[PDB]
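Here is the structure we will look at.
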Protein chains: 2
Amino acid sequence: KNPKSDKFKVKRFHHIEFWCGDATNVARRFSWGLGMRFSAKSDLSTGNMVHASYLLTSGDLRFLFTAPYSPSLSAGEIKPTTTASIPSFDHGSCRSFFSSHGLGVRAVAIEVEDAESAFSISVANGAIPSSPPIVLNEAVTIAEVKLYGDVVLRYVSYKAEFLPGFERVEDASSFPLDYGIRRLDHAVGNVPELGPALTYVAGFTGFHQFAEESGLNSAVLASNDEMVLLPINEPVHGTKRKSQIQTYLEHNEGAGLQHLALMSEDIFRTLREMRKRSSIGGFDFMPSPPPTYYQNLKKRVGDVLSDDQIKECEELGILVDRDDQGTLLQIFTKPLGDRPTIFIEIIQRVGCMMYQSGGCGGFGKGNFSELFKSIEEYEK
Amino acid sequence: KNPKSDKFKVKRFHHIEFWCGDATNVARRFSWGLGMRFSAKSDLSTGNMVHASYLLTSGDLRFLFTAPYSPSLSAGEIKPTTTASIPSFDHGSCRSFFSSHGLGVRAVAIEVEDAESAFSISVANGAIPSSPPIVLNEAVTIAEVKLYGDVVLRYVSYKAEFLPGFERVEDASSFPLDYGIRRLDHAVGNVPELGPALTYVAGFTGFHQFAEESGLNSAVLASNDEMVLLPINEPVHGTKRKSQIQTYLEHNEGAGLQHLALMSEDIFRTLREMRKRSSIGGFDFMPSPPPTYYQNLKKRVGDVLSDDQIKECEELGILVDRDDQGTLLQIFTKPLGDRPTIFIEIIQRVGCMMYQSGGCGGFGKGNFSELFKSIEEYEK
Ligand SMILES: Cc1c(C(O)=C2C(=O)CCCC2=O)ccc2c1C(=O)N(Cc1ccc(OC(F)(F)F)cc1)CC(=O)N2C
Ligand SMILES: Cc1c(C(O)=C2C(=O)CCCC2=O)ccc2c1C(=O)N(Cc1ccc(OC(F)(F)F)cc1)CC(=O)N2C
Ligand SMILES: [Co+2]
Ligand SMILES: [Co+2]
């Protein structure tokens, strides 16, 4: 049941912004590891004396990496005279965020019809304001409200090239890397208490609950066409094996974004390319399931995937889950940085053709039990 | 003239330590960009609840990348019970350093015969103490004094594998990258006033002055065998074109390490490999000289380098300088991070065979004028 209760018009995920200590090194690492190209910049060379911001793109996926300069470079400025291209940026907020949480997602940005109205309606409906609507060059409006922890939900709306003040990147620096990633499928938060988190976010967005012992309870909020998907997890406590949600909250100093799920047009090629680069600057992947897991795949998805396609999953460590509607291929990186906090999921969905409807195949929750079984079975 | 006046026995450069916001992402970027392998770690997986530290090696070159965890993980600890493998580490010092200077070198470490005696003699002779001598596992002693700005000179001495508490890295993560870099040739500081900086450092080390308008004055301090080389620069002010030393001091919030010079066993192969990777996660290089610079090379080094070897320099943007003793091939990266502060130099030296004596060919100071001339000549 989709009651289509969005309180404002939401379009798609727009971008994800990482707050960094050094944006250059994080962005270069991510670019090589994920196959995203450098597409825009806002920094000293564009007249920004406040923050360094670099944009990577792959298909429709946009990753933004931002770090503060010395406040001394902009000490003469006031907000009316700022050279920052992202007016919500604040040196002290950014340093406090990074000291508290380490490397992670500050902003989950969605494109909306009218960011000012989305902001007003959100706050009218319980949203805690974070940055008021600001119109950039009479062309783009941006506004921010609190989502969970120190993560903000950022609204962006265009009258009619990322943001004013960003420059498109010189082709010599823009190497056309592409490993097949195409868009953000969902963005997931970890919180101490799921109930209040859900009530708050669904309260101010109108997002509805999307239809669904090892660590967590979770629920998923979705926009009208279910293309914006925001799962939220809470720990289950005292569980024999320690909850990965609780470990997150400890090392992150509280709630924050747990993982970003990146849809690939060809997950086999994406994983081949990412795995070639794991030990030369890219990303590592979580330990693969035992062969029993892939022996058990035939009985569960043998009508969706051929033997060769199942064997290809086994080579790459890919996990498979299935719903009543569709099938999900997925795999998880190790944490992106020093702390066991944020990681990335690569996914591809099979089914639900209408275009493909959102959330086709679910989020892989069936893989908790099927993994656990596989390990005890393989213990043989 | 080498009066060999070291006040304690100094051996070689040992390692360079970067203080980072996220050590994982900086270390992965540097590993790919410079061809250094992951050789040791000290982090949560080794029982360190204080800091994440990763060591890259190439030949004798050791780069250490360190970042703090949440203080909350180690809140119960006191220095006698610390899980930190580097006892001089301090959460607050590290966050203050990074907020103030951005990504950069905290420690220039040299191996000495006896770090405790080097520390005592240094402080007896004017050195400002930074961290007192601490013996690690009855095997290694480490101590630190202030060098310039917030950079420390770290003494390390071994009774008889990097440091106790570091683990050697799992071979699956240790991809044997190697682009030819072999050791640290020299480490260079920028200061507001050269005179007091020289007097201070030469005062407590016994290092002697090593024998030598566009931006700077400089002087070089050297150990007895001139294998530890510490150049120091100061700006020249009001100079038509802005001093790169002054730009450094502005963006770095004062004095700090300007560049690390990395000797290559084969600078042509190193530059080929680094340049292939510039736009896919590695390092960029400063703008190459015009062809007039390479036309003028024949008259200056045609007895050292063949036409093919000179043409190979031209393909790679390599600079050449020469002394009365030897010849220097060199080239400079763009800044390593967001701020126009620290960069890296790749070098190879020809001549001074005895082994090769240190500083053979100088530091490239003749390339300031020869570059400037080349640009005006090429303006034609
Ligand atoms: C984050 C995550 C998702 C996931 O995407 C979401 C959502 O999107 C929304 C709904 C909640 C949800 O969680 C889906 C599957 C998943 C993980 C995952 O984090 N992990 C780490 C992990 C845990 C337990 C473990 O032990 C064992 F139980 F044996 F596997 C080993 C690794 C491992 C793992 O295996 N799967 C299969
Ligand atoms: C740091 C540095 C060294 C260097 O290693 C040291 C030492 O080790 C110890 C002794 C002091 C010393 O400086 C040597 C050569 C060098 C640079 C350098 O930083 N730079 C940037 C730069 C400046 C001016 C410029 O304009 C023009 F003058 F036309 F070139 C363009 C780029 C450029 C450049 O060209 N050379 C040739
Ligand atoms: Co997921
Ligand atoms: Co140099």
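By convention here, the chains of the structure tokens are called A, B, ... in the order presented, each chain's residues are numbered starting at 1, and ligands are numbered starting at 1 in the order presented.
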
Closest atom pairs, chain A residues within 8 Å of ligand 3, only C-alpha atoms and all ligand atoms, as CSV:
```
residue,atom,partner,partner_atom_place_in_ligand_line,distance
A:186,CA,ligand 3,1 (Co),6.8
A:187,CA,ligand 3,1 (Co),7.5
A:188,CA,ligand 3,1 (Co),6.9
A:231,CA,ligand 3,1 (Co),7.9
A:259,CA,ligand 3,1 (Co),6.8
A:260,CA,ligand 3,1 (Co),7.1
A:261,CA,ligand 3,1 (Co),5.5
A:345,CA,ligand 3,1 (Co),6.2
A:363,CA,ligand 3,1 (Co),5.2
A:364,CA,ligand 3,1 (Co),7.0
```

I need the chosen residues saved as a compact mmCIF listing (two decimals), in the first residue's frame, with N, CA, C and O atoms.
```txt
# COMPACT_ATOMS: atom_id res chain seq x y z
N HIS A 186 19.59 3.84 -2.34
CA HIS A 186 19.05 4.21 -1.04
C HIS A 186 20.18 4.64 -0.11
O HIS A 186 21.35 4.34 -0.35
N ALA A 187 19.80 5.37 0.94
CA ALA A 187 20.75 5.90 1.92
C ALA A 187 20.22 5.57 3.31
O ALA A 187 19.06 5.86 3.61
N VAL A 188 21.07 4.99 4.15
CA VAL A 188 20.62 4.29 5.35
C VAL A 188 21.22 4.94 6.59
O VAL A 188 22.44 5.14 6.67
N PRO A 231 16.03 3.93 4.38
CA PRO A 231 15.96 2.98 5.50
C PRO A 231 16.61 3.55 6.75
O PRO A 231 17.53 4.39 6.68
N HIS A 259 25.13 3.41 5.48
CA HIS A 259 25.65 3.00 4.19
C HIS A 259 24.90 3.69 3.06
O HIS A 259 23.77 4.18 3.22
N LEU A 260 25.59 3.79 1.93
CA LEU A 260 25.04 4.26 0.66
C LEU A 260 24.97 3.08 -0.29
O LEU A 260 25.99 2.41 -0.51
N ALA A 261 23.80 2.85 -0.87
CA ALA A 261 23.62 1.78 -1.85
C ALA A 261 23.63 2.34 -3.26
O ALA A 261 22.78 3.16 -3.62
N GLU A 345 27.35 -0.10 -0.32
CA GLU A 345 26.75 -1.28 -0.92
C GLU A 345 26.63 -1.08 -2.42
O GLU A 345 26.25 0.00 -2.88
N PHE A 363 15.81 -5.15 0.34
CA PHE A 363 17.08 -4.59 0.80
C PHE A 363 18.05 -5.67 1.25
O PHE A 363 19.15 -5.34 1.73
N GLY A 364 17.71 -6.94 1.08
CA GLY A 364 18.62 -8.02 1.38
C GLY A 364 18.49 -8.58 2.77
O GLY A 364 19.39 -9.31 3.21
```

What are the residues of chain B lining chain A at 9 Å or less? Count only C-alpha atoms, and put the answer as number ranges by chain. B: 20-33, 35, 37-38, 43-44, 52, 67-70, 72-73, 95, 98-103, 172-175, 177, 250-253, 278-282, 284, 336-339

Neighbour list for residue B:295 as a ChimeraX atom specification, cut-off 12 Å, only C-alpha atoms, skip fewer than 6 positions in-chain: /B:289,301-302,307,310-311,313-314,370,374,377-378

Saved selection, atoms kept: N, CA, C and O atoms, as a CSV table (one decimal), in the first residue's frame:
```
chain,number,residue,atom,x,y,z
B,289,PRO,N,58.3,23.0,-18.1
B,289,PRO,CA,59.0,24.2,-18.7
B,289,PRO,C,58.7,24.2,-20.2
B,289,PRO,O,58.3,23.2,-20.8
B,301,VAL,N,74.3,20.5,-19.9
B,301,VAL,CA,74.5,19.1,-19.3
B,301,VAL,C,74.7,18.1,-20.4
B,301,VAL,O,74.7,16.9,-20.2
B,302,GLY,N,75.0,18.6,-21.7
B,302,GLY,CA,75.2,17.7,-22.8
B,302,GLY,C,76.3,16.7,-22.6
B,302,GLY,O,76.4,15.7,-23.4
B,307,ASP,N,71.4,13.0,-26.0
B,307,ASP,CA,70.3,13.7,-26.6
B,307,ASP,C,69.0,12.9,-26.3
B,307,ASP,O,67.9,13.5,-26.0
B,310,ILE,N,68.1,13.6,-22.7
B,310,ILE,CA,67.6,15.0,-22.6
B,310,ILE,C,66.2,15.0,-23.2
B,310,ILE,O,65.3,15.7,-22.6
B,311,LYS,N,65.9,14.4,-24.3
B,311,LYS,CA,64.6,14.3,-24.9
B,311,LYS,C,63.6,13.6,-24.0
B,311,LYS,O,62.4,13.9,-23.9
B,313,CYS,N,63.9,13.6,-20.6
B,313,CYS,CA,63.5,14.7,-19.7
B,313,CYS,C,62.4,15.6,-20.2
B,313,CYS,O,61.4,15.9,-19.5
B,314,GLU,N,62.5,16.0,-21.5
B,314,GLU,CA,61.5,16.9,-22.0
B,314,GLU,C,60.1,16.2,-22.0
B,314,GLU,O,59.1,16.9,-21.8
B,370,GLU,N,67.0,29.7,-14.6
B,370,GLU,CA,66.9,29.0,-15.9
B,370,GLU,C,65.5,28.8,-16.3
B,370,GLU,O,65.2,28.7,-17.5
B,374,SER,N,63.8,30.7,-19.6
B,374,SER,CA,63.2,29.9,-20.6
B,374,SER,C,61.8,30.4,-20.9
B,374,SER,O,61.4,30.4,-22.1
B,377,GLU,N,62.3,33.7,-23.0
B,377,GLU,CA,62.8,33.3,-24.3
B,377,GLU,C,61.7,32.7,-25.1
B,377,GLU,O,61.6,33.0,-26.3
B,378,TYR,N,61.0,31.7,-24.6
B,378,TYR,CA,59.9,31.1,-25.3
B,378,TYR,C,58.7,32.1,-25.6
B,378,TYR,O,58.0,31.8,-26.6
```

Around ligand 2, at most 9 Å away and counting only C-alpha atoms and all ligand atoms, which residues are there? Put them as a ChimeraX atom specification, please. /B:186-189,212,214-220,230-233,241,243-245,258-261,286-289,319-321,330-332,334,343-345,362-375

In Å and to one decimal, atom 20 (N, counted along the ligand's line) of ligand 1 is distant from atom CA of residue A:247 by 12.5 Å

Do a neighbour search on residue A:64 at 8 Å with only C-alpha atoms, toss out local chain neighbours closer than 2 positions, and write the hits as a PyMOL selection string. chain A and resi 15-18+53-56+62+66
